[PDB]
Amino acid sequence: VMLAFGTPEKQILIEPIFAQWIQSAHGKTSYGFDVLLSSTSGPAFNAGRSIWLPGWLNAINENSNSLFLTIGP
Amino acid sequence: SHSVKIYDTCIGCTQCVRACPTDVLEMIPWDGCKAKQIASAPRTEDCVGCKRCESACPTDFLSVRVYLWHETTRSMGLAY
Amino acid sequence: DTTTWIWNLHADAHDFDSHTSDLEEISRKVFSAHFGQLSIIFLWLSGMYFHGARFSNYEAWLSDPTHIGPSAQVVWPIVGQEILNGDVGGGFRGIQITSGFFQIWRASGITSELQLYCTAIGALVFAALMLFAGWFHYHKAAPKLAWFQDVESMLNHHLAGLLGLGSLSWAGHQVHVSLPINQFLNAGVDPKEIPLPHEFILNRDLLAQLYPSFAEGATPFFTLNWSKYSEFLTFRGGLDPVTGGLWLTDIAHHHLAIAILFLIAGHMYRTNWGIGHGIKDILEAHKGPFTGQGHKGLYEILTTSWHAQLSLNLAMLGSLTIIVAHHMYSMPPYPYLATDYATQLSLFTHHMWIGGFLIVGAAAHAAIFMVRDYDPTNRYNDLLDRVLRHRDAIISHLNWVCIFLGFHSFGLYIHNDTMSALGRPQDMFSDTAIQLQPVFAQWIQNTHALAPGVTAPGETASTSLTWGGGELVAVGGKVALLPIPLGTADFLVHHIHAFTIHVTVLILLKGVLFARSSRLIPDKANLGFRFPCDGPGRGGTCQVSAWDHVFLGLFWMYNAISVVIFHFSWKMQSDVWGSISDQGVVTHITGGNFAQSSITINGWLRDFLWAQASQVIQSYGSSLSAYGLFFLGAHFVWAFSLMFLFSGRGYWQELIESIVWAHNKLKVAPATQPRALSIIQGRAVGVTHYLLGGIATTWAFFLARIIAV
Amino acid sequence: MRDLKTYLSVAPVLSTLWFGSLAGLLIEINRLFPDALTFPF
Amino acid sequence: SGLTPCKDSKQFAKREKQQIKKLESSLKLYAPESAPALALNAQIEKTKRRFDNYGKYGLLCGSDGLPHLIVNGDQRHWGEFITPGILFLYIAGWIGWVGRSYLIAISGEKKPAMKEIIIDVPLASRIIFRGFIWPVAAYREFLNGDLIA
Ligand code: CLA
Ligand code: CLA
Ligand code: CLA
Ligand code: CLA
Ligand code: CLA
Ligand SMILES: CC1=C(C/C=C(\C)CCC[C@H](C)CCC[C@H](C)CCCC(C)C)C(=O)c2ccccc2C1=O
Ligand code: SF4
Ligand code: SF4
Ligand code: SF4
């Protein structure tokens, strides 16, 4: 109804904060939460930085594939 | 044909016998209730399964029960 | 006690035969109910007349009919809904109406907003009068039964007085008001300078200037020198070039002739003075060559039963409404109606649905009469008995025709679709490969085109312009009417119509004939007209009553009517409607793609449904967004109907049991025990939502498409 | 009369009166505080 | 989360400008003093005030130019979801408590089903005021053990 009456700025749009937080904790830097693997000073990052972290971090931050796509309302 | 069973919660109000459209049920004497009678189902080979008998039983749960089974020409209501 | 009582209260509110068994009381209640309905109709007319006086651009439209869109509704600016106030022209903002009220007022001679106010006040007064009359005739002075059964006097008055005198009075109004005012309007005279209608009556030389025959007075009428009145009583035929409707003089002459004929016809049946026939005598004495004994016994049946009369009247009214819908698009009776496409599409679809509903009602009430009022002992009739004694032959033959028609009308479409898909366009049933020409219809068209001048010496032009041979008519740069070609595409769709009508007739007639009894349930009459089933015996006896036959026939009526309106819409958009340039080249809205695209099922899905629905789905943000909102809402109702149609009653009762337990846990258990809907009610709820959703979707689609283009 | 009060207390009429008053009230706030998405208090 | 405030949203400004331009297109069609023009002029001001108020409340807009709601519990966005939530809970509890209290009162009658159709208005008017203190009433009734049958 809000968009039918020509006023799109009245829509109830809610950001999926929890899934975005999970994605940030997995190493995605498209939101800026800086938690866990997205934080370079964390205990989690230092544990696996020299085993598998570089390739996974490179793959997840490439936005041309379907690995942890960006989400919205 | 179908199977019709009568249980001992009968009160002998004769409604099921009147509701049968094929003359399957009948009433017999029995000293287990005030009315001193109970229903019976001696001709179940003519039952068609319309369950008009169960719609007439007034007990908490039916004292007459019909279980559907092998179906024949008589129980299918076929005239051709 | 339980919740089914609330539902049963509204289900039997108007079933007077169940309340009482006395015919007198039923007749009195029927009379009062009719009075109440008349009052409601008068109130509706008063509202319609008032709204066009205060919240409409009628005058601006009257000064420029072609370029201004009619409007009679205005919205309050509360929640931002004032976006629906579009720019309809004439310095006015509002919702564009499609009921064709402006054309009626213009053809009646109305020029200002003062007359509409007076009409609204009069209609309100009449509504109050009707309500008081209903109260009086039920509570104070209720007639006797013998008054209602005088059907010889009812027919005389309803023919001579209601229909005979109404036409004469309307012809008088037309002659005295509508002809001169419309002549002044058609001459380019500004509407505010036209003399008031009473000036024509008071001043006679003003009328004599327009029509010299008015100078002679009423003497030529009495002297039988009727040729002098030919100035305003013509037999021209065809459409008016200025406005695009029929000549008003033709309408006046037609109404005069109709009034005289009805007045003559109203003096047939016998009354106290002993001249005229008696209906019973006509029915009894009639014995042709194959009837034998005759119609002896129908008078009592039709005078002692309300359901038989209701069924007959409903069938006749439905057929009449369908005829009215067909006869108004081809011979437009009002000025500036043919070239206004939004109203033309809306008037054809309304009356078709009304007629279909009334026909289904006729079938239902015939079934009700057969179940309830049938009496072979006291009201024996021979013809009904003979029809009931060979009902097996009637149904089995009607069953065969449906299969034959369905195969030979739908397999042609499927064959065309397959041949198109396989890359073999030379093997389809079309105008280029295999032709199935409707030769009889083309012969009829040629005969009707050539009828003037040979078989109709007094006619100057053909009755309508649809018969090929006439000339194109243009009003304000738009196309009003032109000959309609008939080809192979029109051969298939007519047989589709025939197939659907035959299937609906089969369902309804089977229900009516087998209402009393059948080979499966010999005692079906004792079970009633409206009962769900007779148990799971004999393999299953679901939906054996006549009510369920009407319930099934509603779906097929809806299916049949929908194809008719789609056919009309596409054929008119592709072959008639359009625009004409200054040099005389006609460009139709869809460019004549009906001939080649309407022979396969893919053509209707791609060229009609997909292509013509782009207007409604792009209406967001504009003044037509209400149609876009109603388009989506109707799908929800249609899909919501399927829950009741596909499911049963036990599951919902058990679910309600669990819910009631959860309510009992917190001492919020109502004393009125909740119950799921009955078997019959669940069916009635589903079909209502189904029809509502389908009709609303089609309504929004049509209205959003045709207003924009 | 007593019958007038008894008919006025029946469920449909009372529900219609309540819902009409409710709709009027809601329109009143929507007119007084239009286009509202967050609480500024 | 990558969101920018409304007051610094170029797409928000573009939306406002486009809506105003579309509204002003229909204003040129009528005389300036006419009633339709007067009604149209009141729409532009409403749009301007709505956009100003949306900017003034610190709402967050994305790359689309449309405000987003944050319901994770941040103290800077308690008016979006937390504040209206408690109000709805209070009102719904009021309604439920009134409905529950009416049924219990009439349960002891000889024909309690008759009071569910013809509502006892004098009895209902007294219970209505009692729903104001429903949180305290329910809290006390839960402890005493009378809440559940
Ligand atoms: C029964 C209701 C219900 C169900 C089945 C779900 C299910 C889901 N939600 Mg969800 N949600 C709910 C209610 C519900 N939600 C409510 C009421 C809110 C608003 C507070 C949210 C806000 C929310 C967000 C912001 C997100 C989800 C997401 C998701 C998905 C991932 C799972 C997750 O994060 O769980 C979340 C589970 C909860 C938050 C628990 C809520 C369930 C309780 C019982 C509701 C009680 C409401 C309570 C009365 C309100 C108190 C507030 C008051 C004090 C002001 C999943 C499909 C995520 C997703 O993937 O989206 C794409 C995501 O990002 N939800
Ligand atoms: C104030 C005037 C008045 C009063 C006090 C009564 C009183 C009575 N009438 Mg009555 N009647 C009236 C006017 C009145 N009538 C008028 C004007 C008509 C002509 C239409 C009738 C026609 C009529 C009939 C045919 C019958 C009665 C009967 C009765 C008696 C029992 C029915 C009843 O009231 O149950 C309660 C009934 C109602 C409250 C009526 C509600 C029905 C709807 C609301 C009518 C409104 C029309 C429509 C639905 C509204 C607009 C359309 C749309 C919005 C839906 C009762 C003594 C019955 C009787 O005596 O049988 C023994 C009976 O059979 N009346
Ligand atoms: C055969 C009868 C007949 C016909 C053809 C017409 C035709 C017409 N009338 Mg009309 N009228 C009639 C009888 C008829 N009237 C009677 C009896 C009355 C008095 C109640 C009126 C009162 C009346 C008024 C007050 C007005 C009209 C108007 C009109 C014109 C508008 C178009 C229209 O209504 O749709 C087409 C209409 C029909 C097809 C009529 C169907 C009704 C049927 C024919 C009833 C008669 C049954 C009869 C036995 C024939 C059987 C059906 C037939 C197909 C075999 C139209 C030319 C309007 C007008 O002049 O505007 C310019 C107008 O304002 N009429
Ligand atoms: C002149 C026309 C006419 C008349 C006088 C009657 C009269 C009658 N019909 Mg009937 N009927 C008609 C036309 C007519 N019918 C048509 C055209 C059809 C075909 C659809 C039917 C189909 C039909 C059936 C199938 C049955 C009847 C029955 C009856 C009898 C009882 C009716 C009743 O209790 O309704 C009570 C009134 C209602 C239930 C109201 C219906 C409400 C509709 C369906 C919903 C409308 C939705 C609306 C658009 C949205 C409103 C929203 C709002 C609520 C907020 C009564 C004698 C019944 C009968 O005799 O059984 C023994 C019966 O079973 N009729
Ligand atoms: C005031 C009465 C009342 C109360 C206290 C409850 C309470 C409850 N219902 Mg409930 N219900 C009611 C009326 C009521 N219902 C009515 C009238 C209906 C039929 C429409 C339902 C249909 C219903 C279903 C289908 C379900 C519940 C469920 C529930 C439980 C989950 C919480 C909830 O809100 O569910 C949500 C409740 C609703 C969405 C119901 C709609 C609210 C209605 C419209 C309020 C009516 C108030 C009424 C007019 C009181 C008048 C008071 C006046 C006399 C002063 C909860 C115990 C659920 C449950 O746990 O299983 C049992 C569940 O699945 N209810
Ligand atoms: C959904 C469904 C139901 C459930 C639907 C029910 C119980 C109908 C009743 C629903 C309404 C909404 C109940 C309204 C109750 C009160 C009027 C509510 C008052 C409170 C406020 C709204 C004022 C059936 O009972 C059923 C039966 C047979 C075939 C199919 C179905 C079926 O599909
Ligand atoms: S099921 Fe029908 S036929 Fe069989 S005993 Fe019962 S009532 Fe008689
Ligand atoms: S079966 Fe039912 S109806 Fe028949 S006697 Fe027993 S209790 Fe009565
Ligand atoms: S219970 Fe349902 S499915 Fe079974 S016979 Fe009755 S209506 Fe048919």
# chains A, B, ... in the order shown; residues from 1 in each chain; ligands from 1
$ residues_near_ligand --ligand "ligand 5" --cutoff "10 Å" --atoms "only C-alpha atoms and all ligand atoms" --output "PyMOL selection string"
(chain C and resi 655-670+674) or (chain D and resi 11+15) or (chain E and resi 92-103+115-121+123-128)
$ residues_near_ligand --ligand "ligand 3" --cutoff "9 Å" --atoms "only C-alpha atoms and all ligand atoms" --output "VMD selection string"
chain C and resid 103 to 105 107 to 108 159 162 to 171 174 245 to 246 248 250 to 252 254 to 255 258 to 259 262 320 to 321 323 to 328 331 to 335
$ atom_distance --atom1 "atom CA of residue E:57" --atom2 "atom CA of residue D:38"
7.8 Å
$ residues_near_ligand --ligand "ligand 2" --cutoff "7 Å" --atoms "only C-alpha atoms and all ligand atoms" --output "list in words"
residues 29, 30, 32, 33, 35, 36, 40, 131, 132, 134, 135 and 138 of chain C
$ residues_near_ligand --ligand "ligand 7" --cutoff "12 Å" --atoms "only C-alpha atoms and all ligand atoms" --output "JSON, numbers by chain"
{"B": [1, 2, 3, 4, 5, 6, 15, 16, 17, 18, 19, 20, 21, 22, 23, 24, 25, 26, 39, 40, 41, 42, 43, 44, 45, 46, 47, 48, 49, 50, 51, 52, 53, 54, 55, 56, 57, 62, 63, 64, 65, 66, 67, 68, 69, 74, 75, 76, 77], "C": [534, 535, 536, 537, 538]}
$ closest_atom_pairs --of "chain A" --to "chain E" --cutoff "7 Å" --atoms "only C-alpha atoms" --output "JSON lines"
{"residue": "A:9", "atom": "CA", "partner": "E:66", "partner_atom": "CA", "distance": 5.4}
{"residue": "A:13", "atom": "CA", "partner": "E:68", "partner_atom": "CA", "distance": 5.1}
{"residue": "A:14", "atom": "CA", "partner": "E:69", "partner_atom": "CA", "distance": 4.7}
{"residue": "A:15", "atom": "CA", "partner": "E:70", "partner_atom": "CA", "distance": 6.3}
{"residue": "A:17", "atom": "CA", "partner": "E:72", "partner_atom": "CA", "distance": 6.8}
{"residue": "A:31", "atom": "CA", "partner": "E:1", "partner_atom": "CA", "distance": 4.8}
{"residue": "A:32", "atom": "CA", "partner": "E:1", "partner_atom": "CA", "distance": 6.1}
{"residue": "A:33", "atom": "CA", "partner": "E:1", "partner_atom": "CA", "distance": 6.8}
$ select_by_dssp --residues "stretch 151-391 of chain C" --states "strand (DSSP E or B)" --output "list in words"
residues 239, 246, 269 and 277 of chain C
$ interface_residues --of "chain C" --to "chain D" --cutoff "10 Å" --atoms "only C-alpha atoms" --output "number ranges by chain"
C: 77-80
$ interface_residues --of "chain D" --to "chain E" --cutoff "9 Å" --atoms "only C-alpha atoms" --output "short mmCIF file (atom, residue, chain, number, x, y, z; two decimals) with C-alpha atoms, in the first residue's frame"
data_model
loop_
_atom_site.label_atom_id
_atom_site.label_comp_id
_atom_site.auth_asym_id
_atom_site.auth_seq_id
_atom_site.Cartn_x
_atom_site.Cartn_y
_atom_site.Cartn_z
CA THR D 6 -32.07 -5.21 24.81
CA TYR D 7 -31.80 -5.01 21.02
CA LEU D 8 -29.05 -2.38 21.33
CA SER D 9 -26.93 -4.68 23.54
CA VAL D 10 -26.90 -7.58 21.06
CA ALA D 11 -23.48 -8.57 19.74
CA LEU D 14 -22.52 -3.28 19.97
CA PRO D 34 0.68 12.04 10.16
CA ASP D 35 3.53 10.09 8.55
CA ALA D 36 4.93 8.60 11.76
CA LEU D 37 7.67 5.95 11.85
CA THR D 38 9.55 6.46 15.15
CA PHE D 39 8.73 7.71 18.64
CA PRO D 40 10.39 11.13 19.13
CA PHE D 41 9.77 11.07 22.90
#
$ residues_near_ligand --ligand "ligand 1" --cutoff "6 Å" --atoms "only C-alpha atoms and all ligand atoms" --output "list in words"
residues 16, 17, 18 and 19 of chain A; 82, 85 and 86 of chain E
